[PDB]
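This is entry03.cif (mmCIF, C-alpha atoms and all ligand atoms).
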data_start
#
loop_
_atom_site.group_PDB
_atom_site.id
_atom_site.type_symbol
_atom_site.label_atom_id
_atom_site.label_comp_id
_atom_site.auth_asym_id
_atom_site.auth_seq_id
_atom_site.Cartn_x
_atom_site.Cartn_y
_atom_site.Cartn_z
ATOM 1 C CA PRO T 1 -2.396 -31.863 -23.241
ATOM 2 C CA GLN T 2 -2.229 -32.133 -19.458
ATOM 3 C CA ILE T 3 -3.550 -29.100 -17.664
ATOM 4 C CA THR T 4 -2.595 -28.476 -14.124
ATOM 5 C CA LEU T 5 -4.901 -26.690 -11.781
ATOM 6 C CA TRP T 6 -2.572 -24.213 -10.024
ATOM 7 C CA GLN T 7 -4.245 -21.493 -11.959
ATOM 8 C CA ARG T 8 -7.701 -21.353 -13.486
ATOM 9 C CA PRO T 9 -7.895 -23.718 -16.488
ATOM 10 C CA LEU T 10 -8.560 -21.069 -19.043
ATOM 11 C CA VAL T 11 -7.904 -22.001 -22.599
ATOM 12 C CA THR T 12 -8.488 -20.551 -26.078
ATOM 13 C CA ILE T 13 -11.570 -21.530 -27.961
ATOM 14 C CA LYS T 14 -12.638 -20.844 -31.436
ATOM 15 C CA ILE T 15 -16.167 -20.097 -32.149
ATOM 16 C CA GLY T 16 -17.282 -18.718 -35.503
ATOM 17 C CA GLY T 17 -13.710 -17.881 -36.403
ATOM 18 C CA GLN T 18 -13.362 -15.721 -33.280
ATOM 19 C CA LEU T 19 -10.898 -16.709 -30.636
ATOM 20 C CA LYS T 20 -12.022 -16.421 -27.008
ATOM 21 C CA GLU T 21 -11.048 -17.637 -23.695
ATOM 22 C CA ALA T 22 -13.005 -20.049 -21.645
ATOM 23 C CA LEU T 23 -12.839 -22.051 -18.481
ATOM 24 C CA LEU T 24 -12.671 -25.828 -18.610
ATOM 25 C CA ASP T 25 -15.224 -26.813 -16.068
ATOM 26 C CA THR T 26 -15.903 -30.324 -14.941
ATOM 27 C CA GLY T 27 -18.579 -29.288 -12.488
ATOM 28 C CA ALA T 28 -20.815 -27.748 -15.187
ATOM 29 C CA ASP T 29 -23.305 -29.888 -17.007
ATOM 30 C CA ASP T 30 -23.722 -27.249 -19.693
ATOM 31 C CA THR T 31 -21.677 -24.854 -21.687
ATOM 32 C CA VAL T 32 -22.300 -21.165 -21.078
ATOM 33 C CA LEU T 33 -20.884 -18.349 -23.134
ATOM 34 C CA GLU T 34 -20.836 -14.572 -22.747
ATOM 35 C CA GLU T 35 -23.481 -12.585 -24.534
ATOM 36 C CA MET T 36 -23.158 -12.752 -28.283
ATOM 37 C CA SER T 37 -25.357 -12.814 -31.257
ATOM 38 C CA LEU T 38 -25.146 -16.040 -33.065
ATOM 39 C CA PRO T 39 -27.407 -16.854 -35.980
ATOM 40 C CA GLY T 40 -29.792 -19.646 -35.507
ATOM 41 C CA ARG T 41 -32.840 -20.599 -33.602
ATOM 42 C CA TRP T 42 -32.865 -20.403 -29.828
ATOM 43 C CA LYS T 43 -34.917 -21.492 -26.865
ATOM 44 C CA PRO T 44 -35.182 -19.539 -23.635
ATOM 45 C CA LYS T 45 -33.833 -21.271 -20.638
ATOM 46 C CA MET T 46 -32.992 -20.821 -16.985
ATOM 47 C CA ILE T 47 -29.765 -22.153 -15.531
ATOM 48 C CA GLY T 48 -28.739 -22.178 -11.973
ATOM 49 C CA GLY T 49 -25.593 -22.079 -9.981
ATOM 50 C CA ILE T 50 -24.199 -20.968 -6.641
ATOM 51 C CA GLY T 51 -26.213 -17.908 -5.982
ATOM 52 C CA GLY T 52 -29.259 -18.491 -8.059
ATOM 53 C CA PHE T 53 -30.521 -18.594 -11.581
ATOM 54 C CA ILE T 54 -29.967 -16.589 -14.675
ATOM 55 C CA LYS T 55 -31.731 -16.398 -17.993
ATOM 56 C CA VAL T 56 -29.974 -17.625 -21.082
ATOM 57 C CA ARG T 57 -30.567 -18.473 -24.726
ATOM 58 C CA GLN T 58 -30.044 -22.030 -25.860
ATOM 59 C CA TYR T 59 -28.543 -22.714 -29.257
ATOM 60 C CA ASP T 60 -28.193 -26.327 -30.394
ATOM 61 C CA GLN T 61 -25.528 -27.923 -32.574
ATOM 62 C CA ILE T 62 -22.875 -25.283 -32.195
ATOM 63 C CA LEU T 63 -19.362 -26.161 -33.219
ATOM 64 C CA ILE T 64 -16.623 -25.035 -30.979
ATOM 65 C CA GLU T 65 -13.028 -25.774 -31.168
ATOM 66 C CA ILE T 66 -11.102 -26.338 -28.008
ATOM 67 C CA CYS T 67 -7.321 -26.362 -28.265
ATOM 68 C CA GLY T 68 -7.666 -27.665 -31.783
ATOM 69 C CA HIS T 69 -10.277 -30.199 -30.823
ATOM 70 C CA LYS T 70 -13.683 -30.013 -32.327
ATOM 71 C CA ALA T 71 -16.866 -30.468 -30.473
ATOM 72 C CA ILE T 72 -20.448 -30.007 -31.470
ATOM 73 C CA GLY T 73 -23.249 -29.368 -29.131
ATOM 74 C CA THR T 74 -25.577 -27.175 -27.206
ATOM 75 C CA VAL T 75 -24.410 -23.796 -26.023
ATOM 76 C CA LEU T 76 -26.197 -21.417 -23.701
ATOM 77 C CA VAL T 77 -25.669 -17.720 -24.141
ATOM 78 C CA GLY T 78 -26.203 -15.181 -21.471
ATOM 79 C CA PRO T 79 -24.853 -12.619 -18.985
ATOM 80 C CA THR T 80 -22.145 -14.958 -17.571
ATOM 81 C CA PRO T 81 -19.023 -13.323 -16.148
ATOM 82 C CA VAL T 82 -16.916 -16.097 -17.644
ATOM 83 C CA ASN T 83 -17.077 -18.420 -20.672
ATOM 84 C CA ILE T 84 -17.634 -21.935 -19.357
ATOM 85 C CA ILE T 85 -16.900 -25.137 -21.122
ATOM 86 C CA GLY T 86 -18.970 -27.837 -19.500
ATOM 87 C CA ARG T 87 -19.186 -31.623 -19.627
ATOM 88 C CA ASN T 88 -21.347 -31.837 -22.719
ATOM 89 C CA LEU T 89 -18.430 -30.635 -24.761
ATOM 90 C CA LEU T 90 -15.535 -31.891 -22.602
ATOM 91 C CA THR T 91 -16.606 -35.473 -23.151
ATOM 92 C CA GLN T 92 -16.396 -34.909 -26.884
ATOM 93 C CA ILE T 93 -12.776 -33.927 -26.735
ATOM 94 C CA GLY T 94 -11.819 -36.968 -24.659
ATOM 95 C CA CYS T 95 -11.173 -35.023 -21.538
ATOM 96 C CA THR T 96 -10.487 -36.813 -18.277
ATOM 97 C CA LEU T 97 -9.680 -36.119 -14.672
ATOM 98 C CA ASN T 98 -6.670 -37.935 -13.419
ATOM 99 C CA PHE T 99 -5.071 -38.339 -10.114
ATOM 100 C CA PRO B 1 -8.012 -43.046 -11.112
ATOM 101 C CA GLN B 2 -9.022 -41.731 -14.454
ATOM 102 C CA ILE B 3 -12.475 -40.216 -14.419
ATOM 103 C CA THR B 4 -14.450 -39.671 -17.550
ATOM 104 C CA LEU B 5 -17.082 -36.981 -17.771
ATOM 105 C CA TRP B 6 -20.090 -38.721 -19.240
ATOM 106 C CA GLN B 7 -21.535 -38.298 -15.930
ATOM 107 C CA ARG B 8 -21.070 -35.892 -13.079
ATOM 108 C CA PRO B 9 -17.682 -36.413 -11.386
ATOM 109 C CA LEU B 10 -19.066 -37.107 -7.989
ATOM 110 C CA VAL B 11 -16.912 -38.816 -5.508
ATOM 111 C CA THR B 12 -17.023 -39.827 -1.875
ATOM 112 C CA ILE B 13 -15.253 -37.660 0.568
ATOM 113 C CA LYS B 14 -14.623 -38.041 4.188
ATOM 114 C CA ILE B 15 -14.795 -35.036 6.440
ATOM 115 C CA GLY B 16 -15.221 -34.679 10.180
ATOM 116 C CA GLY B 17 -15.966 -38.390 10.232
ATOM 117 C CA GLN B 18 -18.784 -38.150 7.810
ATOM 118 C CA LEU B 19 -19.082 -39.563 4.381
ATOM 119 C CA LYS B 20 -20.421 -37.220 1.736
ATOM 120 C CA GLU B 21 -20.484 -37.045 -1.974
ATOM 121 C CA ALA B 22 -18.918 -34.113 -3.667
ATOM 122 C CA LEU B 23 -18.318 -32.806 -7.125
ATOM 123 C CA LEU B 24 -14.781 -32.583 -8.484
ATOM 124 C CA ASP B 25 -14.812 -29.153 -9.939
ATOM 125 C CA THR B 26 -12.018 -27.613 -11.984
ATOM 126 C CA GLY B 27 -13.917 -24.348 -12.497
ATOM 127 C CA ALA B 28 -14.130 -23.530 -8.806
ATOM 128 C CA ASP B 29 -11.344 -21.686 -7.001
ATOM 129 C CA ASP B 30 -12.689 -22.811 -3.688
ATOM 130 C CA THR B 31 -14.272 -25.705 -1.867
ATOM 131 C CA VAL B 32 -17.847 -25.283 -0.701
ATOM 132 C CA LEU B 33 -19.779 -27.860 1.257
ATOM 133 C CA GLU B 34 -23.326 -27.969 2.472
ATOM 134 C CA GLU B 35 -24.203 -26.696 5.860
ATOM 135 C CA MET B 36 -22.648 -28.749 8.634
ATOM 136 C CA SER B 37 -20.929 -28.474 11.937
ATOM 137 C CA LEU B 38 -17.261 -28.606 11.829
ATOM 138 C CA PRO B 39 -14.999 -28.132 14.807
ATOM 139 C CA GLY B 40 -13.043 -24.996 14.728
ATOM 140 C CA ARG B 41 -13.446 -21.357 14.652
ATOM 141 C CA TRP B 42 -14.724 -19.746 11.520
ATOM 142 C CA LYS B 43 -14.937 -16.421 9.672
ATOM 143 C CA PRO B 44 -17.891 -15.258 7.639
ATOM 144 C CA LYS B 45 -17.153 -14.877 3.978
ATOM 145 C CA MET B 46 -18.943 -14.230 0.767
ATOM 146 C CA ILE B 47 -18.499 -16.100 -2.462
ATOM 147 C CA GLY B 48 -20.103 -15.924 -5.783
ATOM 148 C CA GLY B 49 -20.817 -17.751 -8.918
ATOM 149 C CA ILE B 50 -23.633 -17.976 -11.468
ATOM 150 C CA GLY B 51 -26.593 -16.322 -9.983
ATOM 151 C CA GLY B 52 -24.914 -14.225 -7.419
ATOM 152 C CA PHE B 53 -23.378 -14.310 -3.972
ATOM 153 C CA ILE B 54 -23.891 -16.456 -0.994
ATOM 154 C CA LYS B 55 -22.598 -16.080 2.503
ATOM 155 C CA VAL B 56 -20.546 -18.883 3.905
ATOM 156 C CA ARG B 57 -18.426 -19.782 6.880
ATOM 157 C CA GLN B 58 -14.762 -20.207 6.380
ATOM 158 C CA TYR B 59 -12.896 -22.994 8.154
ATOM 159 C CA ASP B 60 -9.151 -23.148 7.765
ATOM 160 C CA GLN B 61 -6.763 -26.048 7.824
ATOM 161 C CA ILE B 62 -9.430 -28.760 7.639
ATOM 162 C CA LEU B 63 -8.464 -32.328 6.930
ATOM 163 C CA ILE B 64 -10.457 -33.932 4.215
ATOM 164 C CA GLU B 65 -10.057 -37.152 2.409
ATOM 165 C CA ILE B 66 -10.872 -37.498 -1.245
ATOM 166 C CA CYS B 67 -10.983 -41.047 -2.628
ATOM 167 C CA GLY B 68 -8.478 -42.087 -0.030
ATOM 168 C CA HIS B 69 -6.154 -39.147 -0.644
ATOM 169 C CA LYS B 70 -5.716 -36.618 2.112
ATOM 170 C CA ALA B 71 -5.904 -32.897 1.788
ATOM 171 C CA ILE B 72 -5.602 -30.193 4.403
ATOM 172 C CA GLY B 73 -6.930 -26.838 3.496
ATOM 173 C CA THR B 74 -9.684 -24.276 3.563
ATOM 174 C CA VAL B 75 -13.231 -25.366 3.450
ATOM 175 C CA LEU B 76 -16.220 -23.107 3.104
ATOM 176 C CA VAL B 77 -19.587 -24.218 4.507
ATOM 177 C CA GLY B 78 -22.889 -22.730 3.485
ATOM 178 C CA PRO B 79 -26.096 -22.952 1.418
ATOM 179 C CA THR B 80 -24.597 -24.476 -1.759
ATOM 180 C CA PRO B 81 -26.845 -26.690 -3.951
ATOM 181 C CA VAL B 82 -24.067 -29.316 -4.151
ATOM 182 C CA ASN B 83 -20.854 -30.138 -2.351
ATOM 183 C CA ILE B 84 -18.028 -28.735 -4.427
ATOM 184 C CA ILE B 85 -14.371 -29.656 -4.355
ATOM 185 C CA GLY B 86 -12.441 -26.868 -5.923
ATOM 186 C CA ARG B 87 -8.921 -26.206 -7.087
ATOM 187 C CA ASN B 88 -7.519 -25.393 -3.680
ATOM 188 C CA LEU B 89 -7.855 -29.106 -2.775
ATOM 189 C CA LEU B 90 -7.633 -30.686 -6.228
ATOM 190 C CA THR B 91 -4.084 -29.508 -6.499
ATOM 191 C CA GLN B 92 -3.156 -31.119 -3.199
ATOM 192 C CA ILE B 93 -4.270 -34.527 -4.431
ATOM 193 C CA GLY B 94 -2.415 -34.187 -7.701
ATOM 194 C CA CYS B 95 -5.404 -33.776 -9.918
ATOM 195 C CA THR B 96 -4.993 -32.854 -13.541
ATOM 196 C CA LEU B 97 -7.142 -32.477 -16.588
ATOM 197 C CA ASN B 98 -6.080 -34.457 -19.570
ATOM 198 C CA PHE B 99 -6.946 -34.793 -23.173
HETATM 199 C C1 LIG U 101 -22.580 -22.895 -15.180
HETATM 200 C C2 LIG U 101 -23.836 -23.571 -14.609
HETATM 201 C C3 LIG U 101 -24.673 -24.190 -15.739
HETATM 202 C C4 LIG U 101 -23.464 -24.680 -13.628
HETATM 203 N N1 LIG U 101 -24.624 -25.431 -13.154
HETATM 204 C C5 LIG U 101 -24.825 -26.735 -13.362
HETATM 205 O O1 LIG U 101 -24.051 -27.406 -14.033
HETATM 206 N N2 LIG U 101 -25.937 -27.267 -12.782
HETATM 207 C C6 LIG U 101 -26.812 -26.476 -11.913
HETATM 208 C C7 LIG U 101 -26.242 -28.696 -12.904
HETATM 209 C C8 LIG U 101 -25.576 -29.522 -11.822
HETATM 210 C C9 LIG U 101 -26.296 -29.885 -10.676
HETATM 211 C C10 LIG U 101 -25.655 -30.644 -9.690
HETATM 212 C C11 LIG U 101 -24.331 -31.015 -9.892
HETATM 213 C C12 LIG U 101 -23.695 -30.602 -11.070
HETATM 214 N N3 LIG U 101 -24.297 -29.872 -12.026
HETATM 215 C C13 LIG U 101 -22.597 -24.166 -12.495
HETATM 216 O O2 LIG U 101 -22.691 -23.047 -12.025
HETATM 217 N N4 LIG U 101 -21.704 -25.061 -12.086
HETATM 218 C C14 LIG U 101 -20.666 -24.790 -11.105
HETATM 219 C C15 LIG U 101 -20.746 -25.808 -9.957
HETATM 220 C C16 LIG U 101 -22.137 -25.890 -9.382
HETATM 221 C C17 LIG U 101 -23.047 -26.871 -9.847
HETATM 222 C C18 LIG U 101 -24.364 -26.882 -9.373
HETATM 223 C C19 LIG U 101 -24.779 -25.932 -8.436
HETATM 224 C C20 LIG U 101 -23.876 -24.976 -7.957
HETATM 225 C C21 LIG U 101 -22.553 -24.952 -8.430
HETATM 226 C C22 LIG U 101 -19.309 -24.719 -11.822
HETATM 227 O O3 LIG U 101 -18.930 -26.037 -12.145
HETATM 228 C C23 LIG U 101 -18.279 -23.993 -10.958
HETATM 229 O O4 LIG U 101 -16.943 -24.286 -11.308
HETATM 230 C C24 LIG U 101 -18.425 -22.448 -10.990
HETATM 231 C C25 LIG U 101 -18.040 -21.813 -12.328
HETATM 232 C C26 LIG U 101 -18.165 -20.316 -12.351
HETATM 233 C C27 LIG U 101 -17.023 -19.519 -12.179
HETATM 234 C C28 LIG U 101 -17.141 -18.124 -12.193
HETATM 235 C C29 LIG U 101 -18.394 -17.535 -12.383
HETATM 236 C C30 LIG U 101 -19.533 -18.331 -12.563
HETATM 237 C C31 LIG U 101 -19.423 -19.726 -12.540
HETATM 238 N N5 LIG U 101 -17.661 -21.855 -9.867
HETATM 239 C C32 LIG U 101 -18.253 -21.299 -8.814
HETATM 240 O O5 LIG U 101 -19.461 -21.144 -8.742
HETATM 241 C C33 LIG U 101 -17.294 -20.861 -7.714
HETATM 242 N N6 LIG U 101 -16.861 -19.471 -7.957
HETATM 243 C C34 LIG U 101 -15.612 -19.194 -8.331
HETATM 244 O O6 LIG U 101 -14.751 -20.060 -8.380
HETATM 245 N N7 LIG U 101 -15.337 -17.923 -8.643
HETATM 246 C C35 LIG U 101 -16.379 -16.907 -8.745
HETATM 247 C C36 LIG U 101 -13.951 -17.579 -8.995
HETATM 248 C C37 LIG U 101 -13.712 -17.422 -10.475
HETATM 249 C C38 LIG U 101 -13.641 -16.142 -11.007
HETATM 250 C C39 LIG U 101 -13.378 -16.042 -12.365
HETATM 251 C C40 LIG U 101 -13.202 -17.193 -13.128
HETATM 252 C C41 LIG U 101 -13.298 -18.419 -12.497
HETATM 253 N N8 LIG U 101 -13.550 -18.527 -11.201
HETATM 254 C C42 LIG U 101 -17.867 -21.094 -6.281
HETATM 255 C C43 LIG U 101 -18.200 -22.567 -6.036
HETATM 256 C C44 LIG U 101 -16.924 -20.580 -5.167
#
Starting from the coordinates I provided, produce the structure as structure tokens.
Amino acid sequence: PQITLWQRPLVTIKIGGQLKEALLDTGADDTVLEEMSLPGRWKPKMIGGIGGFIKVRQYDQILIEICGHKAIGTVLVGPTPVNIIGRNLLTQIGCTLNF
Amino acid sequence: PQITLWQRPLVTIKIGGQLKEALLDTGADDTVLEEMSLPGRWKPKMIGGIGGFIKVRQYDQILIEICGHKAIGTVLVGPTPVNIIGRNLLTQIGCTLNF
């Protein structure tokens, strides 16, 4: 698909059989998801952004599906206001910017 | 061009006669640049993201050029970690996400 940017590029993801929505975000190096309790081992981590840093839990090797496309990678889980799909998973689905 | 996302989608912009690099950012509603003097009057504004809120100055109707394509629109200046080009100007230059 081609997604225009008139509105926020929110799409449906599947994670663990749940559907959710998430923002496709080319300016994020990492993927950050709203608080949830996945199984698995985590590491603590701090990620930063516009106003500062928050604390998150890092899970590795998580499979997410983005508009029917699979990707497998690290996900950070924390008190984010929005689910963010970053470049580590966008590359896997062949996603480009074009103009 | 077509930009892949294996690395950060930094490009060169020209603004107020300077060259800067900025991040092409589909997850941002707005464009935020590092502190600089632009000509023009401005309004104080607040914007947020991960981490919280920062206070910026809003300049309207600013000409900026992004990889040789012109855009005229609102630019916020303030203590951002990185120069961000958001969706208000990506749409002007015809930017889409594709996969
Ligand atoms: C999620 C983090 C892990 C991420 N950080 C990150 O990737 N790094 C710190 C590494 C790095 C360093 C240098 C260059 C690139 N990357 C981040 O916040 N990235 C930003 C851009 C940025 C990078 C580095 C420093 C500072 C900023 C995202 O790409 C950017 O799109 C965010 C995404 C976002 C949206 C909502 C809430 C939290 C985060 N938007 C923003 O921060 C903008 N805000 C908004 O657009 N809104 C709040 C509106 C909104 C509301 C709801 C939904 C979407 N958007 C700012 C720039 C105005």
Inset, instruction - All residues within 8 Å of ligand LIG 101 (chain U) are required, counting all atoms listed in the file; please report them as a ChimeraX atom specification. - result: /T:8,23,25-32,47-51,80-82,84,86 /B:8,23,25-32,47-51,80-82,84,86
For the residues in that selection, give me C-alpha atoms as a short mmCIF file (atom, residue, chain, number, x, y, z; two decimals), in the coordinates of the input.
data_model
loop_
_atom_site.label_atom_id
_atom_site.label_comp_id
_atom_site.auth_asym_id
_atom_site.auth_seq_id
_atom_site.Cartn_x
_atom_site.Cartn_y
_atom_site.Cartn_z
CA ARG T 8 -7.70 -21.35 -13.49
CA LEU T 23 -12.84 -22.05 -18.48
CA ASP T 25 -15.22 -26.81 -16.07
CA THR T 26 -15.90 -30.32 -14.94
CA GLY T 27 -18.58 -29.29 -12.49
CA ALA T 28 -20.82 -27.75 -15.19
CA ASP T 29 -23.30 -29.89 -17.01
CA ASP T 30 -23.72 -27.25 -19.69
CA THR T 31 -21.68 -24.85 -21.69
CA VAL T 32 -22.30 -21.16 -21.08
CA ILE T 47 -29.76 -22.15 -15.53
CA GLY T 48 -28.74 -22.18 -11.97
CA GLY T 49 -25.59 -22.08 -9.98
CA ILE T 50 -24.20 -20.97 -6.64
CA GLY T 51 -26.21 -17.91 -5.98
CA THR T 80 -22.14 -14.96 -17.57
CA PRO T 81 -19.02 -13.32 -16.15
CA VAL T 82 -16.92 -16.10 -17.64
CA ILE T 84 -17.63 -21.94 -19.36
CA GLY T 86 -18.97 -27.84 -19.50
CA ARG B 8 -21.07 -35.89 -13.08
CA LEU B 23 -18.32 -32.81 -7.12
CA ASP B 25 -14.81 -29.15 -9.94
CA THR B 26 -12.02 -27.61 -11.98
CA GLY B 27 -13.92 -24.35 -12.50
CA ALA B 28 -14.13 -23.53 -8.81
CA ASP B 29 -11.34 -21.69 -7.00
CA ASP B 30 -12.69 -22.81 -3.69
CA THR B 31 -14.27 -25.70 -1.87
CA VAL B 32 -17.85 -25.28 -0.70
CA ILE B 47 -18.50 -16.10 -2.46
CA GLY B 48 -20.10 -15.92 -5.78
CA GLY B 49 -20.82 -17.75 -8.92
CA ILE B 50 -23.63 -17.98 -11.47
CA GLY B 51 -26.59 -16.32 -9.98
CA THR B 80 -24.60 -24.48 -1.76
CA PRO B 81 -26.84 -26.69 -3.95
CA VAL B 82 -24.07 -29.32 -4.15
CA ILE B 84 -18.03 -28.74 -4.43
CA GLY B 86 -12.44 -26.87 -5.92
#
Sorted per-residue table, chain T near chain B, closest atoms and distance, 6 Å, only C-alpha atoms, as JSON lines:
{"residue": "T:1", "atom": "CA", "partner": "B:99", "partner_atom": "CA", "distance": 5.4}
{"residue": "T:2", "atom": "CA", "partner": "B:98", "partner_atom": "CA", "distance": 4.5}
{"residue": "T:3", "atom": "CA", "partner": "B:97", "partner_atom": "CA", "distance": 5.0}
{"residue": "T:4", "atom": "CA", "partner": "B:96", "partner_atom": "CA", "distance": 5.0}
{"residue": "T:25", "atom": "CA", "partner": "B:27", "partner_atom": "CA", "distance": 4.5}
{"residue": "T:26", "atom": "CA", "partner": "B:25", "partner_atom": "CA", "distance": 5.3}
{"residue": "T:27", "atom": "CA", "partner": "B:25", "partner_atom": "CA", "distance": 4.6}
{"residue": "T:49", "atom": "CA", "partner": "B:50", "partner_atom": "CA", "distance": 4.8}
{"residue": "T:50", "atom": "CA", "partner": "B:49", "partner_atom": "CA", "distance": 5.2}
{"residue": "T:51", "atom": "CA", "partner": "B:52", "partner_atom": "CA", "distance": 4.2}
{"residue": "T:52", "atom": "CA", "partner": "B:51", "partner_atom": "CA", "distance": 3.9}
{"residue": "T:53", "atom": "CA", "partner": "B:51", "partner_atom": "CA", "distance": 4.8}
{"residue": "T:54", "atom": "CA", "partner": "B:51", "partner_atom": "CA", "distance": 5.8}
{"residue": "T:91", "atom": "CA", "partner": "B:5", "partner_atom": "CA", "distance": 5.6}
{"residue": "T:94", "atom": "CA", "partner": "B:99", "partner_atom": "CA", "distance": 5.5}
{"residue": "T:95", "atom": "CA", "partner": "B:99", "partner_atom": "CA", "distance": 4.5}
{"residue": "T:96", "atom": "CA", "partner": "B:4", "partner_atom": "CA", "distance": 4.9}
{"residue": "T:97", "atom": "CA", "partner": "B:97", "partner_atom": "CA", "distance": 4.8}
{"residue": "T:98", "atom": "CA", "partner": "B:2", "partner_atom": "CA", "distance": 4.6}
{"residue": "T:99", "atom": "CA", "partner": "B:95", "partner_atom": "CA", "distance": 4.6}
Please identify all polymer residues lying at most 12 Å from the point (-14.2, -23.4, 16.6) (file coordinates), using only C-alpha atoms, and present the result as a CSV table (one decimal) with C-alpha atoms, in the frame of the given file.
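See out20.csv below for the written result:
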chain,number,residue,atom,x,y,z
B,37,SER,CA,-20.9,-28.5,11.9
B,38,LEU,CA,-17.3,-28.6,11.8
B,39,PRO,CA,-15.0,-28.1,14.8
B,40,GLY,CA,-13.0,-25.0,14.7
B,41,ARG,CA,-13.4,-21.4,14.7
B,42,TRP,CA,-14.7,-19.7,11.5
B,43,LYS,CA,-14.9,-16.4,9.7
B,57,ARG,CA,-18.4,-19.8,6.9
B,58,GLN,CA,-14.8,-20.2,6.4
B,59,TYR,CA,-12.9,-23.0,8.2
B,60,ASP,CA,-9.2,-23.1,7.8
B,61,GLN,CA,-6.8,-26.0,7.8
B,62,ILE,CA,-9.4,-28.8,7.6
Given 4 Å of margin on each side, can you work out the centre and size in Å (one decimal) of an axis-aligned box holding every listed atom of stretch 15-27 of chain T, as AutoDock Vina command-line options?
--center_x -14.7 --center_y -23.0 --center_z -24.4 --size_x 15.7 --size_y 22.6 --size_z 31.9
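The space separating atom CA of residue T:76 from atom CA of residue T:16 comes to 15.0 Å.
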Inset, instruction - Work out how far atom CA of residue T:18 is from atom CA of residue T:66, in Å to one decimal. - result: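 Between atom CA of residue T:66 and atom CA of residue T:18 the gap is 12.1 Å.
The two atoms in question, atom CA of residue T:33 and atom CA of residue B:75, are spaced 28.5 Å apart.
Residues matched by the PyMOL selection byres (((chain B and resi 35) around 6) and not hetatm) in this file are residues 34, 36, 77 and 78 of chain B.
Applied to this file, the PyMOL selection byres (((chain B and resi 63) around 9) and not hetatm) selects residues 14, 15, 16, 61, 62, 64, 65, 70, 71, 72, 73 and 74 of chain B.
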